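In what follows, a single structure is set out as structure tokens and then discussed.
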Amino acid sequence: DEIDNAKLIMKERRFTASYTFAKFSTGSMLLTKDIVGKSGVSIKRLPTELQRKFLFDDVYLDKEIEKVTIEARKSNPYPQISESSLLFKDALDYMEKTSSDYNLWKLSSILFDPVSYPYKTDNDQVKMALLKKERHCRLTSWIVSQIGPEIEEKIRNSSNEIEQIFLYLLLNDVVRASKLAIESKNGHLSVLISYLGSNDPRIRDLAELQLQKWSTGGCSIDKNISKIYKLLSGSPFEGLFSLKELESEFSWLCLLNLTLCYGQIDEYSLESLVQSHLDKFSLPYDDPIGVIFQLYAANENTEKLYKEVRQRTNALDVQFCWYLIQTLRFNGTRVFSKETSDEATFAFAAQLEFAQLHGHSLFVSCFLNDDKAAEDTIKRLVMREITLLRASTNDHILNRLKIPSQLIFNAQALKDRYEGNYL
Amino acid sequence: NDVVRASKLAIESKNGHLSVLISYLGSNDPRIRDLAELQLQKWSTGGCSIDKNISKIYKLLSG
Amino acid sequence: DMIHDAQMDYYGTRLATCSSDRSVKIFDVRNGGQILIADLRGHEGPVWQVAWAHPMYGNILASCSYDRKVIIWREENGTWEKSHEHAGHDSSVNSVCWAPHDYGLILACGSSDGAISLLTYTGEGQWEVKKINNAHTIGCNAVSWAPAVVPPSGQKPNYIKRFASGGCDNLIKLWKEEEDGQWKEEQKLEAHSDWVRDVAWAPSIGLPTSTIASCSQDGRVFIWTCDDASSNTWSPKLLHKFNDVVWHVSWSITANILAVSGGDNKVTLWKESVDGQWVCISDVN
Amino acid sequence: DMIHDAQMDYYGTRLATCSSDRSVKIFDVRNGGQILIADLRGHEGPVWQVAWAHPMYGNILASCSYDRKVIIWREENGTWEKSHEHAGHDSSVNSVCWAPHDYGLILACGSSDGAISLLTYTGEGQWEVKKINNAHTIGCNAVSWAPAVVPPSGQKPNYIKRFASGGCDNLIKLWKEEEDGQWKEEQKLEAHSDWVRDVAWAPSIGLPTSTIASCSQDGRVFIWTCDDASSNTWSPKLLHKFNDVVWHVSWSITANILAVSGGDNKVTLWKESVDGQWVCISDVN
């Protein structure tokens, strides 16, 4: 007598017994129906796939805040970042030296973090040339450590000393590469190896001019003695006796180190140099250290590549992308569009919201250019999570972020008011 | 005459600028040479507070 | 037995619910644990949807129902009594929603007779009801409010006061508060081949590219993107189609993730890729 | 530990399998119960895909592998010995497939060096190998045969003998046996943004509207179509995109249901609706 309406209405309403439902809520939690709730409301929560431990400790957020200068925007009292001395470097301490992150980070910190003389000499032709180089070593010196196990061990495997030498070069270790040369009664090399580090055309030509001759009825020559002269010619990969063959067992990075050490084909910019390597060789798929290079390599096209890149790979961590754009934007380092920046600031500031770490969210939120949006978010974020942003999160985050005196009092008053009746 | 290891150490101790000079050390570039010496002269005025080692090294550049 | 809609309170403290047994239960969730607090009974028919008003007006919660009546329950010190009731429609009332807190305390209700009432609140226990007859052909199911958007003087701006709404005619009509006082149908949206089930006006992340989602008996979910360069040009885009009906759709706040409820008792999550095509992030349950 | 590919025998009696442990196991399924019958070991590297030849040639089964070699195991009274082997490629061999039983007993293999061998069978234990170098840029992953289609005399027709094939360059190149003797790439299909994983030539239900499915790292599944016989027109249509890679794709025989393997360890089924849009009929597992 009561089931016919449930049937009538269930039916007069196109309602299958399959009817389910789910709705996200203010805190960002969704309410699925499961039968697991006193009233069947599975209030599951939203996963912050943002995996990086240090984000959960006051210290980082707290300390990284002193790294900035906040100032109310031009169209309202809502704070926005004026100046930020933020470098990839900063992050290194909170990570561990064995993770790929430390690398990705340590790398960027090298490719983008500013270089600097530690004494005031001003021949701009000089200072500009030093930093030019400081950045050079810094990077090769790194790859030397990344290919250390790789090559070092690949050396235990050789009966051939000449091949052994070519290997020591591959690690940019001339001193030991030379010692070996003399000790094996293969001295003439110790000489070239001497020149290798410099840029002398005499040699260069002496090398190449010889190479050409070596292709005419003159065999029984080590592939190693040849490969080595090749390292003198200048461009080794685009050569008359190319090394492009090495792609077989050498880490692409092993090769790159070559083009950066002996491949100074022309005396120009590094960024463009790196870029030269990328042209002859295909890169490792899904690789973060890889991508980061393309970004460095594609100088002015920076933002364009980024867009291009993010559209194909999940290798670059939201938080990274953000920290990138930001460290690059506040150092003049590259060319980044307001639309694209804020575009990725939301991204991050969002993950930080699902995690509930509002302190971080609000802070990243200041990296918003659109004064309307900034205000828009901030008012929202704070109005809902005031209690959480109060008494112990360090006791003042909000005053620290130059947030509006009124907003605080307003949203505050509102909850006290809310709790007021609940009691 | 062990630049490779002398350099590695330089970077690893947060004393990089040296790894740069050390780079030049092997060659013969007057820019540097002068940059070195010209600095040295300055270092004798009021500021005698640097490692004897950082000095000894620039000295190796002077010529 | 089976619940219909249940929505968390602002400040995430309570959790009102309603099921086909005509019971509007308000459960508290402190620490993740559910704890009933009152069973507001009062509908002659199953309750459909339910919505919490903005804490700025105290603690209010309204519930509509198949009983053709809608109830508003206030709260005064634990005193969960109903301060007002409204039976202005002849057929069941499929949905309710509150207007963005700035417009005031306005409540929108779409019935099944094909109408739409709008309870505005006044100084005391009074409520005027500007109504919209024959809004949809066979009735209305969804009612969603367009996000409050602000347009040299001492004034709180006059907003565009819009609010979309799907129904049994397949049309998702948008609406607008005419400067004089009544609402008119700014535009129709006919992309669905059968009953429109739910229509949700995604919240603007400050961003001007206002969106809106809809799901219907045909089993398709559309996202009407709109660049209102002063003219109504709503270009629908297909999210996905399941061989079974989709019952509800909701927007996650920050990312604009769509929770797609419908089909196989399963609920899905979606996010529009850096490419423009929407994707399923995961399967709930 | 983990298997890769496993295919049921014609007449649904056996069930060959292979996993990364370099072991090609042939089970038998009478009544639904699995029962091993032999563990053909012989690959220096994990076995990738595996295919059963047509009972018309006795009982044959071939398996390719990362060992750059491909094996063909005959059977003579329980005598599961290998009658032939072929290591004509330098890099691993991602896939194998047999040509429709009418062309004869031809086997197609796509390596990772970017080549494609084609073992035709002769009177005795002899096998000629017309090969295709640099077929794909970075290697090949999929190889599927185009359904055997028949074109006043005593003759078994000369077929169009086509067979598609995806690879690491993102292109799904179709191919054809030129009347003289060698295959040529009739056409390229570039719709994928990353590695093409698998490419399956749907069987023609006698119907001339030949189709083909593909899935790749980008996580999209396309069902390329040809509107008519003899018009070099392949118009791709998007099935769906998952945020994760799709590993395999297969056609169900009658309905042309697509089994989509990939993404979240889940496998999906799809059937093209009376509307043209493809839908997910259910979730396996």
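Labels used: A, B, ... for chains in the order of the structure tokens, numbers from 1 for residues in each chain, and numbers from 1 for ligands as shown.
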
Find the residues near residue C:105: any atom within 7 Å, counting only C-alpha atoms, skip ones fewer than 6 places away on the same chain, and give them as a CSV table (one decimal) with C-alpha atoms, in the first residue's frame.
```csv
chain,number,residue,atom,x,y,z
C,99,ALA,CA,21.9,32.6,-4.9
C,120,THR,CA,13.7,36.5,-1.7
C,121,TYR,CA,13.9,37.4,2.0
```

Note to self: Please find the residues of chain A near chain C - the criterion being any atom within 6 Å, counting only C-alpha atoms - and write them as JSON, numbers by chain.
What the structure shows: {"A": [18, 20, 21, 22, 23, 24, 311, 350, 373, 376, 384, 421]}

Please produce a file of the residues just selected, as a CSV table (one decimal), in the first residue's frame, where the atoms kept are N, CA, C and O atoms.
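Resulting contents of selection_10.csv:
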```csv
chain,number,residue,atom,x,y,z
A,18,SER,N,19.1,2.3,-10.4
A,18,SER,CA,20.5,2.6,-10.6
A,18,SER,C,21.0,4.0,-10.1
A,18,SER,O,22.2,4.3,-10.0
A,20,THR,N,22.5,7.0,-8.6
A,20,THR,CA,23.5,7.3,-7.7
A,20,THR,C,23.8,8.8,-7.6
A,20,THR,O,23.0,9.5,-8.2
A,21,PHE,N,24.8,9.2,-7.0
A,21,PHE,CA,25.0,10.7,-6.9
A,21,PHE,C,26.3,11.0,-6.2
A,21,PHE,O,26.8,10.2,-5.4
A,22,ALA,N,26.8,12.2,-6.4
A,22,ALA,CA,28.0,12.7,-5.7
A,22,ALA,C,28.2,14.1,-5.9
A,22,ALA,O,28.0,14.7,-7.0
A,23,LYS,N,28.6,14.9,-4.9
A,23,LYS,CA,28.8,16.3,-5.0
A,23,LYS,C,30.0,16.8,-4.2
A,23,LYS,O,30.1,16.6,-3.1
A,24,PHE,N,30.9,17.6,-4.9
A,24,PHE,CA,32.1,18.1,-4.1
A,24,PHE,C,31.6,19.2,-3.1
A,24,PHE,O,30.5,19.8,-3.3
A,311,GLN,N,52.6,19.6,-22.6
A,311,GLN,CA,51.5,19.0,-23.3
A,311,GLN,C,51.7,17.5,-23.6
A,311,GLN,O,50.8,16.8,-24.0
A,350,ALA,N,46.4,24.9,-5.8
A,350,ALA,CA,45.3,24.0,-5.7
A,350,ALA,C,45.6,22.7,-4.9
A,350,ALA,O,44.9,22.3,-4.0
A,373,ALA,N,41.6,38.0,-9.4
A,373,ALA,CA,41.8,36.6,-9.0
A,373,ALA,C,42.4,36.5,-7.7
A,373,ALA,O,41.9,35.7,-6.8
A,376,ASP,N,40.0,37.5,-5.2
A,376,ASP,CA,39.0,36.4,-5.3
A,376,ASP,C,39.4,35.2,-4.5
A,376,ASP,O,38.5,34.7,-3.8
A,384,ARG,N,37.0,30.6,4.7
A,384,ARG,CA,36.6,29.3,5.1
A,384,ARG,C,37.5,28.6,6.1
A,384,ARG,O,37.0,27.8,6.9
A,421,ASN,N,25.9,29.8,17.2
A,421,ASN,CA,24.6,29.1,17.3
A,421,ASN,C,24.7,27.7,17.6
A,421,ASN,O,24.0,27.1,18.4
```

Next item on the list: May I ask which of the residues A:135, A:415, A:156, A:372 is the closest one to chain B, counting only C-alpha atoms?
Entry: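 Checking each of A:135, A:415, A:156, A:372 against chain B, counting only C-alpha atoms, the winner is A:135.
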
Would you tabulate, counting only C-alpha atoms, all residues of chain B that have an atom at most 7 Å from an atom of chain A, showing the closest pair of atoms and their distance in Å to one decimal, sorted by chain then ascending number, as a tab-separated table?
```
residue	atom	partner	partner_atom	distance
B:2	CA	A:175	CA	5.9
B:3	CA	A:175	CA	7.0
B:4	CA	A:173	CA	5.9
B:17	CA	A:117	CA	6.6
B:20	CA	A:134	CA	5.3
B:27	CA	A:198	CA	6.8
B:31	CA	A:126	CA	6.9
```

Export of prior selection with N, CA, C and O atoms as a PDB file, in the first residue's frame:
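For reference, again20.pdb as written:
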```pdb
ATOM      1  N   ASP B   2      97.712  18.384 -11.154  1.00  0.00           N
ATOM      2  CA  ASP B   2      96.463  17.629 -11.093  1.00  0.00           C
ATOM      3  C   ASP B   2      95.280  18.602 -11.020  1.00  0.00           C
ATOM      4  O   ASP B   2      94.670  18.806  -9.960  1.00  0.00           O
ATOM      5  N   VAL B   3      94.968  19.197 -12.171  1.00  0.00           N
ATOM      6  CA  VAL B   3      93.892  20.161 -12.268  1.00  0.00           C
ATOM      7  C   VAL B   3      92.552  19.508 -12.057  1.00  0.00           C
ATOM      8  O   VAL B   3      91.716  20.034 -11.320  1.00  0.00           O
ATOM      9  N   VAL B   4      92.342  18.366 -12.703  1.00  0.00           N
ATOM     10  CA  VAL B   4      91.062  17.679 -12.578  1.00  0.00           C
ATOM     11  C   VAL B   4      90.607  17.526 -11.129  1.00  0.00           C
ATOM     12  O   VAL B   4      89.489  17.926 -10.768  1.00  0.00           O
ATOM     13  N   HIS B  17      84.420  29.804  -7.846  1.00  0.00           N
ATOM     14  CA  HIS B  17      85.132  30.771  -8.681  1.00  0.00           C
ATOM     15  C   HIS B  17      86.525  30.269  -9.049  1.00  0.00           C
ATOM     16  O   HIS B  17      87.013  30.534 -10.150  1.00  0.00           O
ATOM     17  N   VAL B  20      87.025  27.956 -11.870  1.00  0.00           N
ATOM     18  CA  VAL B  20      87.016  28.690 -13.124  1.00  0.00           C
ATOM     19  C   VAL B  20      88.422  29.072 -13.507  1.00  0.00           C
ATOM     20  O   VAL B  20      88.886  28.748 -14.599  1.00  0.00           O
ATOM     21  N   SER B  27      96.023  27.393 -19.709  1.00  0.00           N
ATOM     22  CA  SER B  27      96.278  28.163 -20.919  1.00  0.00           C
ATOM     23  C   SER B  27      97.101  29.407 -20.656  1.00  0.00           C
ATOM     24  O   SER B  27      97.727  29.555 -19.606  1.00  0.00           O
ATOM     25  N   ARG B  31      93.938  38.310 -20.343  1.00  0.00           N
ATOM     26  CA  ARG B  31      92.767  38.836 -19.646  1.00  0.00           C
ATOM     27  C   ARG B  31      92.927  38.416 -18.194  1.00  0.00           C
ATOM     28  O   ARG B  31      93.083  39.238 -17.286  1.00  0.00           O
TER      29      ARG B  31
END
```

Next item on the list: Extract, using only C-alpha atoms, all DNA, RNA and protein residues at most 7 Å from stretch 213-226 of chain A, discarding same-chain residues fewer than 5 positions from it, and format them as JSON, numbers by chain.
Entry: {"A": [162, 163, 166]}

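Interatomic distance, atom CA of residue A:281 to atom CA of residue A:316: 21.3 Å.
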
What are the closest atom pairs, with distances in Å to one decimal, for each residue of chain C lying within 9 Å of chain D, using only C-alpha atoms, rows by chain and rising residue number, as CSV?
```
residue,atom,partner,partner_atom,distance
C:240,CA,D:279,CA,8.5
C:241,CA,D:279,CA,6.5
C:242,CA,D:279,CA,6.1
C:243,CA,D:279,CA,6.6
C:264,CA,D:282,CA,8.8
C:273,CA,D:243,CA,8.8
C:277,CA,D:241,CA,8.2
C:278,CA,D:241,CA,8.5
C:279,CA,D:242,CA,6.3
C:280,CA,D:242,CA,6.7
C:281,CA,D:243,CA,7.1
C:282,CA,D:264,CA,8.9
```

Margin query: What's around residue D:211 at 12 Å? Count only C-alpha atoms, leave out sequence neighbours fewer than 6 positions away in its own chain, and write the answer as a ChimeraX atom specification.
Written below: /D:144-147,164,199-205,222-229,233-237,251,256-258,272

Can you write out the residues you just picked, keeping C-alpha atoms, as a PDB file, in the first residue's frame?
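The file below, part.pdb, is the result:
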```pdb
ATOM      1  CA  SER D 144      48.243  -6.695 -37.984  1.00  0.00           C
ATOM      2  CA  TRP D 145      46.980  -8.387 -41.135  1.00  0.00           C
ATOM      3  CA  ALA D 146      44.265  -6.899 -43.309  1.00  0.00           C
ATOM      4  CA  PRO D 147      41.348  -9.356 -43.650  1.00  0.00           C
ATOM      5  CA  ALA D 164      48.926  -2.357 -41.257  1.00  0.00           C
ATOM      6  CA  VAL D 199      47.288  -1.712 -34.251  1.00  0.00           C
ATOM      7  CA  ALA D 200      44.449  -4.136 -34.933  1.00  0.00           C
ATOM      8  CA  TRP D 201      42.863  -4.721 -38.324  1.00  0.00           C
ATOM      9  CA  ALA D 202      39.175  -5.428 -37.400  1.00  0.00           C
ATOM     10  CA  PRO D 203      37.792  -8.476 -39.307  1.00  0.00           C
ATOM     11  CA  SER D 204      35.280  -7.698 -42.007  1.00  0.00           C
ATOM     12  CA  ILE D 205      31.867  -9.074 -41.185  1.00  0.00           C
ATOM     13  CA  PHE D 222      41.567   5.760 -32.778  1.00  0.00           C
ATOM     14  CA  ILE D 223      39.404   3.782 -35.017  1.00  0.00           C
ATOM     15  CA  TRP D 224      40.637   4.625 -38.461  1.00  0.00           C
ATOM     16  CA  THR D 225      38.097   4.083 -41.240  1.00  0.00           C
ATOM     17  CA  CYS D 226      37.858   3.631 -44.957  1.00  0.00           C
ATOM     18  CA  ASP D 227      34.523   4.739 -46.458  1.00  0.00           C
ATOM     19  CA  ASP D 228      34.728   2.558 -49.561  1.00  0.00           C
ATOM     20  CA  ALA D 229      36.868  -0.037 -51.338  1.00  0.00           C
ATOM     21  CA  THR D 233      40.993   7.591 -47.503  1.00  0.00           C
ATOM     22  CA  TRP D 234      41.627   6.770 -43.892  1.00  0.00           C
ATOM     23  CA  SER D 235      39.681   9.123 -41.617  1.00  0.00           C
ATOM     24  CA  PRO D 236      40.603   8.584 -37.955  1.00  0.00           C
ATOM     25  CA  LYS D 237      37.986   9.035 -35.233  1.00  0.00           C
ATOM     26  CA  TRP D 251      38.530  -6.877 -31.937  1.00  0.00           C
ATOM     27  CA  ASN D 256      33.285  -5.555 -33.678  1.00  0.00           C
ATOM     28  CA  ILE D 257      33.613  -4.843 -29.969  1.00  0.00           C
ATOM     29  CA  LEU D 258      36.863  -3.354 -28.966  1.00  0.00           C
ATOM     30  CA  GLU D 272      30.060   1.810 -31.648  1.00  0.00           C
TER      31      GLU D 272
END
```

Next item on the list: Identify all residues of stretch 265-375 of chain A in alpha helix (DSSP H) (DSSP on the backbone) and supply them as a ChimeraX atom specification.
Entry: /A:270-280,288-297,302-310,318-329,338-354,358-365,371-375

Next item on the list: Show which residues sit within 10 Å of residue C:122, as a PyMOL selection string. Count only C-alpha atoms, and ignore same-chain residues fewer than 3 positions away.
Entry: chain C and resi 104-106+119+125-128

Note to self: Give me the residues near residue D:98 as a list in words, where near means some atom within 7 Å (using only C-alpha atoms) and where sequence neighbours in that chain fewer than 5 positions away do not count.
What the structure shows: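 Using only C-alpha atoms, the neighbours found are residues 53, 106, 107 and 108 of chain D.
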
Output C-alpha atoms for every residue in the selection just made, as a PDB file, in the first residue's frame.
```pdb
ATOM      1  CA  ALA D  53      48.806 -20.594 -37.221  1.00  0.00           C
ATOM      2  CA  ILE D 106      52.922 -16.231 -44.189  1.00  0.00           C
ATOM      3  CA  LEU D 107      54.203 -14.741 -40.973  1.00  0.00           C
ATOM      4  CA  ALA D 108      54.818 -11.085 -40.335  1.00  0.00           C
TER       5      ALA D 108
END
```

Check: Residues at most 12 Å from residue B:52, counting only C-alpha atoms, excluding those fewer than 6 positions away in the same chain, as a PyMOL selection string?
Finding: chain B and resi 40+43+58-59

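Reported to one decimal place, the separation of atom CA of residue C:44 from atom CA of residue C:65 is 8.2 Å.
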
Item checked: Atomic separation - atom CA of residue A:336 relative to atom CA of residue A:379, Å ->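 Atom-to-atom, atom CA of residue A:379 and atom CA of residue A:336 are spaced 26.9 Å apart.
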